[PDB]
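Since the structure comes first, as structure tokens, the remarks are kept for the end.
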Number of protein chains: 6
Amino acid sequence: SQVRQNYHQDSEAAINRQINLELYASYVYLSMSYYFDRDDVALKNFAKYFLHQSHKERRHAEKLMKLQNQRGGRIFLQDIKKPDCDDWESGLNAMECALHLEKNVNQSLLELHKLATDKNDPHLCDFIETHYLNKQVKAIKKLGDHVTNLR
Amino acid sequence: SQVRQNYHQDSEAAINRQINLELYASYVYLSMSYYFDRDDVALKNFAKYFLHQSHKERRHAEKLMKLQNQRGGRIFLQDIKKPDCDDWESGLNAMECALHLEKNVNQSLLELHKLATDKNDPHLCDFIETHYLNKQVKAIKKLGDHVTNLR
Amino acid sequence: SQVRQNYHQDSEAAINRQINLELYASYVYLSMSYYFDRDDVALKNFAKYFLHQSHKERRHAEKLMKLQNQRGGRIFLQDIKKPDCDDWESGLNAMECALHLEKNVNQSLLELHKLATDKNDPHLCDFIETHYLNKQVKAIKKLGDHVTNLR
Amino acid sequence: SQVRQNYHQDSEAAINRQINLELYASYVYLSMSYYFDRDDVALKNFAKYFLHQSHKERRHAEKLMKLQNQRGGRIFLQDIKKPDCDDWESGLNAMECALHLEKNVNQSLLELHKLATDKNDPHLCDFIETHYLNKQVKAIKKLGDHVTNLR
Amino acid sequence: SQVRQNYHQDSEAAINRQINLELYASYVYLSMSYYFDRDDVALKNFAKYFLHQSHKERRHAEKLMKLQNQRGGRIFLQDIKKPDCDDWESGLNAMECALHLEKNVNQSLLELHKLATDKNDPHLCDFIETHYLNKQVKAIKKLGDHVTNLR
Amino acid sequence: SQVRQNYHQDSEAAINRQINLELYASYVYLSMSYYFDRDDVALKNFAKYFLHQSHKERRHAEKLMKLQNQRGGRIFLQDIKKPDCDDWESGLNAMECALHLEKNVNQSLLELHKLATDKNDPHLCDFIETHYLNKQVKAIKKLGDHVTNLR
């Protein structure tokens with residue numbers, strides 16, 4: 001690409017993997033939201049909350065795709081796998097699963113930051129710190145608070 | 001389900017398949033939108049248009065999920081397959097592909113309506129007619145006009 | 001009638017029966033509301049909700065009478081039967097009874113649609129679909145959610 | 001009832017009878033309104049007027065039910081009989097029938113007031129005087145004026 | 001056509017015939033309006049009413065032409081025949097003629113719906129129901145009311 | 001007619017012929033407008049322009065009918081012939097056809113003015129000059145400009 005500068009191939013591949021992971025998280029939250037819409041579950045607040053989270057994850061994936069184009073990398077999409085469960089069994093179980101998911105996403109982002117540091121890419125490091133790391137910390141803390149209160 | 005009335009199992013399965021198809025269409029449009037965001041393509045109008053279409057398809061899938069819960073069926077999600085291409089060679093090619101996709105979705109909806117008619121489910125028939133059939137006709141007409149003008 | 005066209009006698013009779021059924025539903029909801037108005041029950045939210053439902057059912061009956069006049073049929077009213085209970089033991093029991101009633105009304109409407117389809121009366125079919133079927137589905141789902149939460 | 005004071009059983013029964021009578025009057029007025037909605041009658045002003053009267057009678061019945069709960073009595077509903085005619089031959093005939101009906105309702109209310117006076121129930125006497133007697137006198141006078149003008 | 005899907009040739013031909021019929025109805029109403037504009041007739045209310053009806057019929061014809069293009073059919077126009085009368089002897093006679101005309105148009109629309117049902121075209125069925133059937137029923141009822149009052 | 005003064009029979013007949021010609025022009029413009037609405041043509045600006053022209057021609061015909069009643073003549077309507085073609089091969093060809101049509105209408109109006117001058121009817125002469133001649137000149141000039149630019 002005519003715009004590409006200081007952008008390693010490994011960073012491009014890692015960004016594509018993170019795009020897929022964010023799309024997967026959006027899918028999981030969609031599944032949870034419509035689990036709580038069932039007539040035999042009927043918890044409107046949980047359904048609304050998880051739908052909002054699904055849309056937020058979609059926005060995160062789109063931001064990563066924009067970043068990939070900005071640095072001159074090329075987007076390669078993969079299948080979005082279906083969630084692990086169809087029935088999420090309770091609000092507490094759903095919140096615990098969401099906490100586990102957000103911690104896994106955080107670990108992926110931290111590995112990406114380590115890669116960018118190893119490749120001496122300060123722009124990618126700052127992008128990850130500014131747009132992903134504190135949001136993940138805040139989300140994890142909010143989910144932990146919810147789990148404590150539901151327990 | 002305590003709410004289930006005049007809802008055949010085949011209709012429930014077909015609604016789940018349609019949910020997956022709408023999610024797939026949203027994914028395809030997202031891919032097209034960010035193809036036109038590349039620095040070596042750089043057509044902002046096409047990128048914005050296809051992103052809008054992706055969001056619309058996501059809304060259609062959510063409406064189908066809501067219907068499934070309303071009638072007392074149970075949602076079962078599947079993998080969302082990757083689109084057929086990564087490179088959508090041109091605006092005209094992308095529009096032609098979108099036209100083909102919308103015609104395929106229309107055929108699926110017509111088969112769904114035939115199934116609902118065969119099972120004597122007037123509510124499902126009216127749902128499909130009111131919320132999907134005319135929107136599909138209008139979308140196909142608009143895409144045909146775009147293809148003619150781009151040719 | 002000078003306005004009559006494509007309106008079978010059986011459809012006219014079935015519309016009269018449906019008018020009586022809607023009036024009966026209104027009466028049942030009135031009874032429930034003023035059960036919850038008692039000093040030894042004293043649940044204002046349930047009383048208000050069931051009074052609103054009674055008025056809605058009255059409006060549905062009036063719409064059917066208007067339709068009968070529009071198509072050139074003649075209205076024949078019958079006695080509105082007393083509800084099955086005077087004492088609606090609890091909010092959960094009242095909601096379960098309302099769910100049963102709305103499902104019975106839905107079955108009557110579906111039989112009406114089948115009759116209109118058999119007599120090739122598309123206007124009556126569309127009238128039933130547009131003004132009664134989706135409202136019945138939504139009401140049944142709402143009542144199911146209420147029953148789940150009260151249980 | 002914990003709230004019951006100076007409320008005779010005969011008064012409770014008479015209030016239930018009056019509730020049924022008001023519901024019957026509402027039904028009669030509904031029949032009259034949709035008679036004038038017919039295409040071979042087509043008098044919009046009469047249809048609107050009698051529909052308004054039907055709704056007013058429904059409100060009167062609801063006020064009596066509220067009173068029954070206020071004094072600690074228990075509501076017992078009965079069948080609402082269908083009106084005496086399906087065809088209300090003309091506007092003048094309909095007005096004459098409405099006048100006869102309102103005079104019958106007035107006689108029932110006067111017998112109720114006599115019963116309340118005999119049982120030394122000043123609250124019930126004042127309730128009947130304040131909310132029913134003058135309204136009945138005014139309605140009878142208005143109907144008489146209408147009958148004179150239509151004659 | 002690149003947009004054509006599930007659109008039978010017979011449906012296309014029937015839509016063209018309906019376009020011609022709507023244009024004819026508009027012409028008839030124009031003739032009636034300017035009959036009532038004559039100095040030896042001089043009924044301004046009838047002239048205004050029938051001119052409004054003529055414009056409405058023109059709009060209906062244009063909507064059918066739009067539908068023909070949406071489904072990928074091709075419009076073929078025919079001569080618009082002159083009305084059966086030059087002198088519409090009275091307001092009552094004009095209203096009776098308009099009632100007869102609207103009933104004929106309704107019969108044509110019902111035959112169109114039957115054809116669309118036989119060819120398994122749910123989109124055309126819903127188009128006819130939503131945009132033409134109830135409007136025809138309402139117009140016929142209004143004309144019947146007018147005829148009754150004028151008689 | 002009681003209002004008729006200085007209105008020759010020949011003028012009445014010529015006004016009827018002009019009414020038919022204006023209706024024909026409206027029909028031609030409608031055909032053009034919906035030619036450009038086709039999915040394989042898809043020129044929205046031309047469709048909008050020619051629809052506006054069709055409505056304008058209808059207004060001109062109505063004004064002539066009003067004049068015929070004002071002077072005491074009697075309107076006699078004739079068949080509106082279908083346009084000369086179904087396919088208006090291009091925007092330039094459609095504009096050229098419209099120019100030819102407007103020149104033919106202008107020639108008809110000039111012959112009408114000559115007849116009115118020969119019959120010493122100054123009111124009809126002024127009516128034609130004020131409401132038709134300059135509008136025709138302006139329309140012809142606008143169409144000529146459009147043809148030059150499209151060439």
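Labels used: A, B, ... for chains in the order of the structure tokens, numbers from 1 for residues in each chain, and numbers from 1 for ligands as shown.
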
#### Entry: Close residues, residue 149 (chain B) itself excluded, 10 Å, only C-alpha atoms, min 6 positions apart in chain, as number ranges by chain
B: 92, 143; F: 39-43

Just C-alpha atoms for this one: save the residues we selected as an mmCIF file, in the first residue's frame.
data_model
loop_
_atom_site.group_PDB
_atom_site.id
_atom_site.type_symbol
_atom_site.label_atom_id
_atom_site.label_comp_id
_atom_site.auth_asym_id
_atom_site.auth_seq_id
_atom_site.Cartn_x
_atom_site.Cartn_y
_atom_site.Cartn_z
ATOM 1 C CA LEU B 92 -20.684 -2.126 -10.413
ATOM 2 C CA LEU B 143 -30.354 -2.066 -6.873
ATOM 3 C CA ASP F 39 -35.353 -0.309 -14.076
ATOM 4 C CA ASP F 40 -33.473 -0.551 -17.400
ATOM 5 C CA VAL F 41 -33.814 3.212 -18.019
ATOM 6 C CA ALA F 42 -33.697 4.702 -14.509
ATOM 7 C CA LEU F 43 -33.594 8.474 -15.088
#

Can I get the residues of chain B within 8 Å of chain E, each with the closest pair of atoms and their distance in Å to one decimal, using only C-alpha atoms, sorted chain first then ascending number, as JSON lines?
{"residue": "B:103", "atom": "CA", "partner": "E:5", "partner_atom": "CA", "distance": 7.7}
{"residue": "B:110", "atom": "CA", "partner": "E:122", "partner_atom": "CA", "distance": 7.8}
{"residue": "B:113", "atom": "CA", "partner": "E:122", "partner_atom": "CA", "distance": 7.6}
{"residue": "B:114", "atom": "CA", "partner": "E:120", "partner_atom": "CA", "distance": 7.9}
{"residue": "B:129", "atom": "CA", "partner": "E:126", "partner_atom": "CA", "distance": 6.5}
{"residue": "B:130", "atom": "CA", "partner": "E:126", "partner_atom": "CA", "distance": 7.9}
{"residue": "B:133", "atom": "CA", "partner": "E:123", "partner_atom": "CA", "distance": 6.0}
{"residue": "B:134", "atom": "CA", "partner": "E:123", "partner_atom": "CA", "distance": 6.6}
{"residue": "B:137", "atom": "CA", "partner": "E:70", "partner_atom": "CA", "distance": 6.9}
{"residue": "B:138", "atom": "CA", "partner": "E:70", "partner_atom": "CA", "distance": 7.0}
{"residue": "B:140", "atom": "CA", "partner": "E:3", "partner_atom": "CA", "distance": 6.1}
{"residue": "B:141", "atom": "CA", "partner": "E:70", "partner_atom": "CA", "distance": 5.8}
{"residue": "B:144", "atom": "CA", "partner": "E:3", "partner_atom": "CA", "distance": 6.2}

Just write the chosen residues, N, CA and C atoms, as a PDB file, in the first residue's frame.
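That gives us out.pdb:
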ATOM      1  N   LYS B 103     -32.011 -11.032  -4.278  1.00  0.00           N
ATOM      2  CA  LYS B 103     -32.925 -11.959  -4.940  1.00  0.00           C
ATOM      3  C   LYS B 103     -32.936 -13.323  -4.250  1.00  0.00           C
ATOM      4  N   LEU B 110     -40.081 -16.110   0.044  1.00  0.00           N
ATOM      5  CA  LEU B 110     -41.244 -16.644  -0.659  1.00  0.00           C
ATOM      6  C   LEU B 110     -41.486 -18.105  -0.296  1.00  0.00           C
ATOM      7  N   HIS B 113     -43.157 -18.056   3.028  1.00  0.00           N
ATOM      8  CA  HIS B 113     -44.578 -17.733   2.919  1.00  0.00           C
ATOM      9  C   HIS B 113     -45.378 -18.930   2.426  1.00  0.00           C
ATOM     10  N   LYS B 114     -44.834 -19.674   1.461  1.00  0.00           N
ATOM     11  CA  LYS B 114     -45.514 -20.874   0.984  1.00  0.00           C
ATOM     12  C   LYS B 114     -45.684 -21.894   2.105  1.00  0.00           C
ATOM     13  N   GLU B 129     -45.508 -10.795   4.807  1.00  0.00           N
ATOM     14  CA  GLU B 129     -45.938  -9.823   3.803  1.00  0.00           C
ATOM     15  C   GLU B 129     -45.684  -8.392   4.260  1.00  0.00           C
ATOM     16  N   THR B 130     -46.047  -8.072   5.503  1.00  0.00           N
ATOM     17  CA  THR B 130     -46.008  -6.690   5.961  1.00  0.00           C
ATOM     18  C   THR B 130     -44.582  -6.215   6.202  1.00  0.00           C
ATOM     19  N   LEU B 133     -41.757  -8.600   2.432  1.00  0.00           N
ATOM     20  CA  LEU B 133     -41.898  -8.800   0.988  1.00  0.00           C
ATOM     21  C   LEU B 133     -41.763  -7.495   0.203  1.00  0.00           C
ATOM     22  N   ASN B 134     -42.490  -6.443   0.602  1.00  0.00           N
ATOM     23  CA  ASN B 134     -42.410  -5.191  -0.148  1.00  0.00           C
ATOM     24  C   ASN B 134     -41.059  -4.515   0.023  1.00  0.00           C
ATOM     25  N   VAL B 137     -38.908  -6.181  -2.505  1.00  0.00           N
ATOM     26  CA  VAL B 137     -39.195  -5.714  -3.862  1.00  0.00           C
ATOM     27  C   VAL B 137     -38.582  -4.336  -4.098  1.00  0.00           C
ATOM     28  N   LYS B 138     -38.757  -3.425  -3.138  1.00  0.00           N
ATOM     29  CA  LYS B 138     -38.211  -2.077  -3.274  1.00  0.00           C
ATOM     30  C   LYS B 138     -36.687  -2.098  -3.343  1.00  0.00           C
ATOM     31  N   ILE B 140     -34.748  -4.560  -4.383  1.00  0.00           N
ATOM     32  CA  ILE B 140     -34.336  -5.128  -5.663  1.00  0.00           C
ATOM     33  C   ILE B 140     -34.477  -4.090  -6.774  1.00  0.00           C
ATOM     34  N   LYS B 141     -35.583  -3.339  -6.766  1.00  0.00           N
ATOM     35  CA  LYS B 141     -35.772  -2.288  -7.768  1.00  0.00           C
ATOM     36  C   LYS B 141     -34.684  -1.220  -7.670  1.00  0.00           C
ATOM     37  N   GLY B 144     -31.426  -2.591  -9.009  1.00  0.00           N
ATOM     38  CA  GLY B 144     -31.467  -2.644 -10.463  1.00  0.00           C
ATOM     39  C   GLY B 144     -31.242  -1.286 -11.099  1.00  0.00           C
TER      40      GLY B 144
END

#### Entry: For residue 132 (chain D): contacts at 9 Å, only C-alpha atoms, fewer than 6 positions along chain excluded, given as a PyMOL selection string
chain D and resi 60+106+109

### Nearest to residue 9 (chain B) by atom-to-atom distance, counting only C-alpha atoms, from B:53, B:33, B:93, B:68
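Of the candidates, the smallest distance to residue 9 (chain B) is held by B:68.
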
### Task
Might you pull out every residue within 10 Å of residue 62 (chain B), with only C-alpha atoms counted and same-chain residues fewer than 6 positions away left off, and present them as number ranges by chain?
A: 30, 34, 51; B: 19, 22-23, 56, 68

Hey, can you spit out that residue selection with N, CA, C and O atoms as an mmCIF file, in the first residue's frame?
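Output file result_21.cif is given in full below:
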data_model
loop_
_atom_site.group_PDB
_atom_site.id
_atom_site.type_symbol
_atom_site.label_atom_id
_atom_site.label_comp_id
_atom_site.auth_asym_id
_atom_site.auth_seq_id
_atom_site.Cartn_x
_atom_site.Cartn_y
_atom_site.Cartn_z
ATOM 1 N N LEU A 30 -25.825 -10.854 21.619
ATOM 2 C CA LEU A 30 -27.130 -10.958 20.965
ATOM 3 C C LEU A 30 -27.892 -12.192 21.444
ATOM 4 O O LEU A 30 -29.093 -12.118 21.758
ATOM 5 N N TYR A 34 -31.596 -12.120 23.544
ATOM 6 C CA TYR A 34 -32.860 -12.746 23.177
ATOM 7 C C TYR A 34 -33.179 -13.986 24.001
ATOM 8 O O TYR A 34 -34.316 -14.463 23.944
ATOM 9 N N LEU A 51 -28.513 -6.420 24.647
ATOM 10 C CA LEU A 51 -28.600 -5.898 23.283
ATOM 11 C C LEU A 51 -27.709 -4.669 23.101
ATOM 12 O O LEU A 51 -27.013 -4.533 22.079
ATOM 13 N N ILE B 19 -33.210 -16.284 10.056
ATOM 14 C CA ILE B 19 -32.371 -15.481 10.946
ATOM 15 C C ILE B 19 -30.910 -15.580 10.524
ATOM 16 O O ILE B 19 -30.208 -14.563 10.386
ATOM 17 N N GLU B 22 -30.285 -13.609 7.222
ATOM 18 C CA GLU B 22 -30.208 -12.158 7.387
ATOM 19 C C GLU B 22 -28.882 -11.742 8.025
ATOM 20 O O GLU B 22 -28.271 -10.742 7.613
ATOM 21 N N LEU B 23 -28.417 -12.497 9.027
ATOM 22 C CA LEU B 23 -27.109 -12.185 9.603
ATOM 23 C C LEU B 23 -25.998 -12.293 8.556
ATOM 24 O O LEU B 23 -25.093 -11.443 8.511
ATOM 25 N N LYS B 56 -29.094 -2.235 8.425
ATOM 26 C CA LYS B 56 -30.491 -2.574 8.153
ATOM 27 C C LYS B 56 -30.725 -4.084 8.213
ATOM 28 O O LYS B 56 -31.723 -4.550 8.784
ATOM 29 N N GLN B 68 -39.822 -14.993 16.631
ATOM 30 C CA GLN B 68 -39.658 -16.347 17.145
ATOM 31 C C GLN B 68 -40.043 -16.424 18.613
ATOM 32 O O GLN B 68 -40.742 -17.353 19.031
#

### Query
Could you pull the residues within 6 Å of residue 26 (chain A), counting only C-alpha atoms, minus those fewer than 4 positions along the same chain, as number ranges by chain?
A: 54, 57-58

For C-alpha atoms, I'd like the residues from the last selection saved as a PDB file, in the first residue's frame.
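After the write, selection.pdb holds the following:
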ATOM      1  CA  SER A  54     -23.956  -6.424  21.383  1.00  0.00           C
ATOM      2  CA  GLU A  57     -19.093  -4.777  20.364  1.00  0.00           C
ATOM      3  CA  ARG A  58     -20.129  -4.338  16.724  1.00  0.00           C
TER       4      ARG A  58
END

### Which of chain A DSSP labels alpha helix (DSSP H), written as a count of residues only
106

#### Entry: All residues 10 Å or closer to residue 75 (chain E), only C-alpha atoms, same chain fewer than 5 positions away omitted, as a list in words
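Non-adjacent residues within range: residues 12, 13, 15, 16, 17, 19, 64, 65, 66, 67, 68 and 69 of chain E; 31, 34, 35, 38, 86 and 87 of chain F.
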